[PDB]
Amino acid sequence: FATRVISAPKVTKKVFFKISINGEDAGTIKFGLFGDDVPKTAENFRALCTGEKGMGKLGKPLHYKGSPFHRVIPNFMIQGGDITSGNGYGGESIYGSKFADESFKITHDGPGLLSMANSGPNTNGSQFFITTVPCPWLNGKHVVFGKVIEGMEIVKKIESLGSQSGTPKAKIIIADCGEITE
């Protein structure tokens, strides 16, 4: 019954983003979430791709659709998921408030990892980032909970529209998002 030998956590659920860059379709990015290892963090992110939880305490949809990549730093990461004020300071989780860091056991070992942006311990909302390099120094501070499984070429593309200050050089949007039931 045991069939393969993974050097990584198991992908429990799959979700996707569809990226628009300056109003133009830029492709899809597929993610696998580590629901066995960080379930509350994977579930939060998944229901934000569906919008299934409706309207948050802050008067916006609990829904990634329409949020920008508000901070893009080359040779580091791309970041978005501000679903309330949409400017990089907002964000809201599906748990009413910021929830605690689930686990620091999946580390920032290479590019293409999904991780929770925060403002300190137990401040996880909806802001995420995708690494584009190994970030061992974020270990113990940001909860890794998923990875890019298709479309890293597009993560690489959004990164190239960044700056070292991190201000984006184009309007990068999650034009649509959902779950891959299959």
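From 1 onward, residues are counted along the sequence shown.
Here the stretch with the larger average CA B-factor, out of 22-30 and 127-135, is 22-30.
Per-stretch averaging of Cα B factors for 94-102 and 69-77 places 94-102 on top. Sorting the modelled residues of the chain by their CA temperature factor places residue 143 in the lowest third.
When the CA B factors of the chain's modelled residues are split into thirds, the value for residue 6 lands in the middle one. In the deposited entry, the Cα temperature factor of residue 115 sits in the bottom third of values across the chain's modelled residues. Residue 46: CA B factor in the middle third of modelled residues in this chain (values from the PDB entry). Among the modelled residues of its chain, residue 40 has a C-alpha B-factor that falls in the highest third, as given in the PDB entry.
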